[PDB]
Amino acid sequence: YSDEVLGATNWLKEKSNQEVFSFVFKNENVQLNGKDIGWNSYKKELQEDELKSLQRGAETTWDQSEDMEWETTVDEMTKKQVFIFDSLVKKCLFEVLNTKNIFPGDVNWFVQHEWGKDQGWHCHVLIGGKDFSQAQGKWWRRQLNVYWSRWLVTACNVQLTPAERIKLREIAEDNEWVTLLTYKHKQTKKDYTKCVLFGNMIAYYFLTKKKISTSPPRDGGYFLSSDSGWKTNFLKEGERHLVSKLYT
């Protein structure tokens, strides 16, 4: 019952029923003219001040949540790419917040990088607040995917021709490398934005995952999490499970 654990539990419980959007930021493997662009082919560290700051935040979040009782053998390249994607994902969120003139302190958000059995690396984002309404979900997904595709093409470390960069840009948009949670439906039928409950989803689902500590990553494990209150960022796996237990 450290202050950190109690603090996170209290913060989430107060936001238990806050409606938010659920996004997933991802990428897919691409071959363009014989050039392989994989999940970790985006390792340029762009020297933009805010991005640099965000990447430092991800590094230190990893460092403080590392359990050293147990050894951690995650590939350094994998760690680097996840830190970079953390900075790029948040850059996308913040760019759209700016478009809507939303004060970042009026926003609740949660970010968690995971490794799926099938899709590999992806990043869950929960985001919402007083300036958010359900009908805006599709616009948000489209805008986030514009910025995500733009930043990925800038961060790509594969030598691409201009034609190849534009092709990659359109692939990332056309194939929806940012997804939005919707209610299950038919292909023809409309899809409605499905808002989720912020505190509940974090405590009862995201904080229950197992920490990736090896390469290749455990199926369904998480790398790293963070939130708008810096509450879950530094928690070790055991502490995260304690938060779920206390939340109940």
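Residue indices: 1-based, along the sequence shown.
The PDB entry records a higher mean C-alpha B factor for 72-80 than for its counterpart among 162-170 and 72-80. In this entry, the higher average B-factor at the C-alpha atoms falls on 185-193, of the pair 205-213 and 185-193. The residue among 41, 27, 33, 53 whose C-alpha atom has the highest B-factor in the PDB entry is 33. Per the PDB record, residue ranking by Cα B-factor puts residue 179 in the lowest third of the chain. Ranked against the other modelled residues of its chain, the C-alpha B-factor of residue 98 as given in the entry falls in the middle third. Per-chain ranking of the deposited C-alpha B factor places residue 107 in the middle third. Sorting the modelled residues of the chain by their CA temperature factor places residue 87 in the lowest third. The PDB entry assigns residue 117 a C-alpha temperature factor belonging to the highest third of its chain's modelled residues.
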